[PDB]
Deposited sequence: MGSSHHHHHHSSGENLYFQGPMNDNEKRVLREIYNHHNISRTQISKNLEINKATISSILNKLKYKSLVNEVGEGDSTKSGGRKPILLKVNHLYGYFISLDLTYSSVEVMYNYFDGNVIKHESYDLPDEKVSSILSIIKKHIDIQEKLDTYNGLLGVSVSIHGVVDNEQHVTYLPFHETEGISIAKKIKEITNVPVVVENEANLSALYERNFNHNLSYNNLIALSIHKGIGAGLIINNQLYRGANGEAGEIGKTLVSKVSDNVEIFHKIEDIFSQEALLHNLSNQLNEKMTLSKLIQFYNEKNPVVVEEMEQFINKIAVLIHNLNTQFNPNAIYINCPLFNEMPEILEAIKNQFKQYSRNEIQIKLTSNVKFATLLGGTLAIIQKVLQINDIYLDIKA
């Protein structure tokens, strides 16, 4: 009957660390008697606990032992497995090598290394699974890029499942990480094999009509050759994979990220020249994203930049040649866990059926 007000009070508890009963009442404009009644039902269901002059305030927190969630990240070479308490806090994290591209190999890892009957000292055990992918998910949870990998995971685990693009999940993470700065407009820019963007617009993850918003890697740019204008996808020019493939052709050897960093630190001229060009293209890309979306901030997740964070200053310096806008240009706020923790947020929101959980999980 009071399902909505129970959800509202629970959301306040997630969003405000050790909030008082009276502060919940004030935030929601609901009388103290009704807030006390709602809290008693939430305490009775083991969802919330009380925290251990004049009257002492009653402080509330989410009961981390109510159950746990699993956040999965299906990368190009691994299966990342994160376990989170009901309050979002990290229990443990594991990384498994992915022997090949097969979905069967992913499912084999999930079956072999995840014990779904394990309660991890929680009352209800596994409550839900988030799945992060390097692909496109439509608004009806269909992976569009026999049976979907998410539905295959839903059957193996037998709990609610959410599937989402990795850049979209990282943007949810950045929304909550920078919520204290009120950055209600931001972009999580992903540069790896492709170029992807997680878009936060007016504090909401914007997915577009088909879940393809922020598929910036597919943007077409022209180059006139032999008096013929040819269009190319920007991710075929300056994704990290395109940079490595280009350098493999120029140096006539197989280039890996580790070799690129080594050759760059050694100041190999072919690599230095290509890096200056790559840095310039990314600076122009940030300018273009700013004139299109005009966010408060952009958070770049590029393995090369995470290994050499000083390149952020070269991007910022090159950006100044094109624009005087004060957009915050940053690297990802959490190299290891932004995507995984964004997944934790998405599964919490789905299982609870509560939007705008602003919880900033520190890990």
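Stretches of the deposited sequence left without coordinates are 1-20, 73-79, 173-179, in sequence order.
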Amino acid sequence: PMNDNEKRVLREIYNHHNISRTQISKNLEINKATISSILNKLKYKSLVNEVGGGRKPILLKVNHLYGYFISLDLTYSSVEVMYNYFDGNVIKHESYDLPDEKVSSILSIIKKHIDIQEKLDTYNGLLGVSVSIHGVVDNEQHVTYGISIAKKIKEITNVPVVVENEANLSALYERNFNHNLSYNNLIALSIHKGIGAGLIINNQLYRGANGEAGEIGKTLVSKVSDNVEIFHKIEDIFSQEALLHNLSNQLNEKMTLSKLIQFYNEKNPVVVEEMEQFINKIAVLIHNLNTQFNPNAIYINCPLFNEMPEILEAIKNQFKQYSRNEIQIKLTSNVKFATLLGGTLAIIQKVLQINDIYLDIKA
From here on, numbers count along this sequence of modelled residues.
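Stretches 34-42 and 293-301 differ in mean C-alpha B factor, with the higher average recorded for 34-42. 268-276 and 186-194 differ in mean CA B-factor, and the higher of the two is recorded for 268-276. The PDB entry gives the largest Cα B-factor of the residues 95, 141, 204, 176 to 141. Between the residues 164, 118, 215, 73, the entry's highest C-alpha temperature factor is the one at 118. Per-chain ranking of the deposited C-alpha B factor places residue 107 in the highest third. Annotation for residue 287: CA B-factor lies in the lowest third of the chain's modelled residues.
Residue-level temperature factors show residue 51 in the highest third of its chain, judged at the C-alpha atom. For residue 180, the recorded CA B-factor ranks within the middle third of the chain. Only modelled residues enter the ranking. Per the deposited record, the Cα B-factor of residue 87 falls in the lowest third when ranked against the other modelled residues of its chain.
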